[PDB]
Each structure stands twice: as structure tokens, then as C-alpha cells.
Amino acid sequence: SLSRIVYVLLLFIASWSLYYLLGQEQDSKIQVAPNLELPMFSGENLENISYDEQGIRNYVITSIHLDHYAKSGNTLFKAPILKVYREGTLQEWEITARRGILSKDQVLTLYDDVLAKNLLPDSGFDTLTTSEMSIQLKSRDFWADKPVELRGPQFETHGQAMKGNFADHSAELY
């Protein structure tokens, strides 16, 4: 039947146009454009706890603002608070500042007004302050290249360019 052949051809064109229109609005919705170099994760009032390869609480960073980046793996803290733990059950140190940077290699860096208290009330070392300080939470080794001030319970000193670790309380400078 010639009329029925034309009707079928018309149904072909109709189906094709409809599904072309659906595909067009799909591509308009399937426009997944890759994002730009910006903080991929953000949070406020954060407490991020980190553990060692055996399951023991290594340290705690309590900050008011945290931004995790993807390309480099640098995690920027605003006003961080770092609690170091000996075997997880004893909070030995507590190190704070206004700005911090974690790295993919687990290397922290603290900039504006650094404070560092020792929760051991009998060891003779109580408080430490400096401008900028980097510490490797894994090894606990820390570097500082700017003014340093130490306050002991009966002895206070003032120097610069310190390098130690909270692992063993090994401190070293000149």
C-alpha cells in the first residue's frame, strides 16, 4: 500500500526528529566540562585525626577552616591546632598557629603566630614560640629558620634557626 508506505516513512522521520531533540538536550546536559584549579574540598570547624600504619592515633589537627587540593595534595588549614600523641594515649605536645599547610609527604608548615605547649608538667620544657615552623608528623622532625624563643620552668632562652624532633625531644640549633 503506497499510502501506508508514506505513513511509515513519516513515522521514521518523526521518531528520528524526536530522538535527535532528546539527544541535543542530553548533550546540553551531558556537557561535563572539567573544573579549574581550585580547592576541591572545603570545610569549617574540622577535627581531622590521623593514624599510623599499625592503627594508633598519631596526631590530631583541629582547625576552623580546611581546604584539600587535588593536583598537589596540599591541605591548607586556617588557625590549626596540632596535638601530638605519644602512643596515642598521652598528648605530649600541642602546636597551634593561624595558617598551616599539609603536603602529600605529610609535612606541615605553620606561619602566623606559632605556639607550642608541652603537656608534660615536670620535664622543665613548657612553651615554645616562633614565626614559621615545618614538622614531619611521621618522623616528628621539625625545622625552624627564623626567630625562636624557649621558656622553661626555671630557664628561658632566646635564639634562632632551630632544628629538632618531638620524637625523642631532640633539639639542636646554633
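One-based numbering along the sequence shown.
Taking only CA atoms, the mean B-factor in the PDB entry is higher for 126 to 134 than for the other of 126 to 134 and 60 to 68.
Sort the modelled residues of the chain by CA B factor and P153 lands in the highest third.
Ranked against the other modelled residues of its chain, the C-alpha B-factor of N45 as given in the entry falls in the middle third. Sorting the modelled residues of the chain by their CA temperature factor places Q160 in the highest third. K78: CA B factor lies in the middle third for its chain, per the PDB record. Annotation for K146: CA B-factor lies in the highest third of the chain's modelled residues.
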